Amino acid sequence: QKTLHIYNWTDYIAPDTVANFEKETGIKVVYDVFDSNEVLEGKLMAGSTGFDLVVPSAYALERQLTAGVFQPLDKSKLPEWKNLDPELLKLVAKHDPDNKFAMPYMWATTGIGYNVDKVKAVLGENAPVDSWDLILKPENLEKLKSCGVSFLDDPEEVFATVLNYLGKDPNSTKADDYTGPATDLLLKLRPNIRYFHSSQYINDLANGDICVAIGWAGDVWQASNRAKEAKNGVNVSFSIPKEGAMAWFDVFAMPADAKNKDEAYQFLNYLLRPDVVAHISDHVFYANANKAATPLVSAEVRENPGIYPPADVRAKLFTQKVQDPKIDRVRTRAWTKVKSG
């Protein structure tokens, strides 16, 4: 009896995906979760994770490759690899040349999740729900403080969105951008932010406990779906703001010391099956990278422009750059200053 260990994001799989895999293959699966790239990268850099598959973002995969923490995917053991989107593969290939190490899993954006009715009650029906002004303008955050504001606990996301909102390069390589105007705005916003967290905001949005969040798109639509299932009358939506937004790709990768490579390949081939990965998108409200699976995804998910955004919305998106150690230092320092007010 072999056991496959999988380290994935929270709220990032269907409730029966793993059980259906165990039944089909006889492989026992141990499934652990994280809600942060730095948590996952920390384990990948510090020692032996014990995981056979992990799921980092494509840009973070690039940093991890330079340390040799992954092993190349044997394409002959992934016969269904052809189901993956070539335009999505080419986008991942900027971080993983020739797509040698990673399998694109899901992709989405980083925008604003919000309580529609409470926002409209606090800021009126003309609230800037189409703009980052909703959560990055201090005059607005001062009004929304009491209903609850959350930011992701992710320095790269927050700083990229703040610099973009200030008219700077989202991936600015000038330290004065981070210590100056980026830190200045965050400190003005900081007293109105209830907490920095990358997963608690899902149930807090669903229950009406926070009214505006920096959120990952599928996370927020899950919040909206849970509230509807609970019949609590809470109205949650998601905005890809008109100023542009962070877009990203999460990929499956195989750690270089993975114990059960053969079983890991079996799970990757399982994920490549169109019905399997469409079932996941139906439940997590995330776009998968499987071109063959798209028609099998629910109309509710596929026709949602906040999940499968149209071309006008795609033209506004930017992706995360791997910053050199100088900018990494500056950004990380300012982030810690910001978290402690």
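Start at 1 and count along the sequence shown; that's the residue number.
Higher average CA B factor: 120-128, of the stretches 120-128 and 258-266. The mean C-alpha temperature factor is higher for 70-78 when 106-114 and 70-78 are set side by side.
By the numbers in the PDB entry, the CA B factor is greatest at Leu91 among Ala245, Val220, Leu91, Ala253. Per the deposited record, the Cα B-factor of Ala287 falls in the lowest third when ranked against the other modelled residues of its chain. Among the modelled residues of its chain, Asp312 has a C-alpha B-factor that falls in the highest third, as given in the PDB entry. Ranked by Cα temperature factor within the chain, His95 sits in the highest third according to the deposited record. Ranked by Cα temperature factor within the chain, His197 sits in the lowest third according to the deposited record.
The PDB entry assigns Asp52 a C-alpha temperature factor belonging to the lowest third of its chain's modelled residues.
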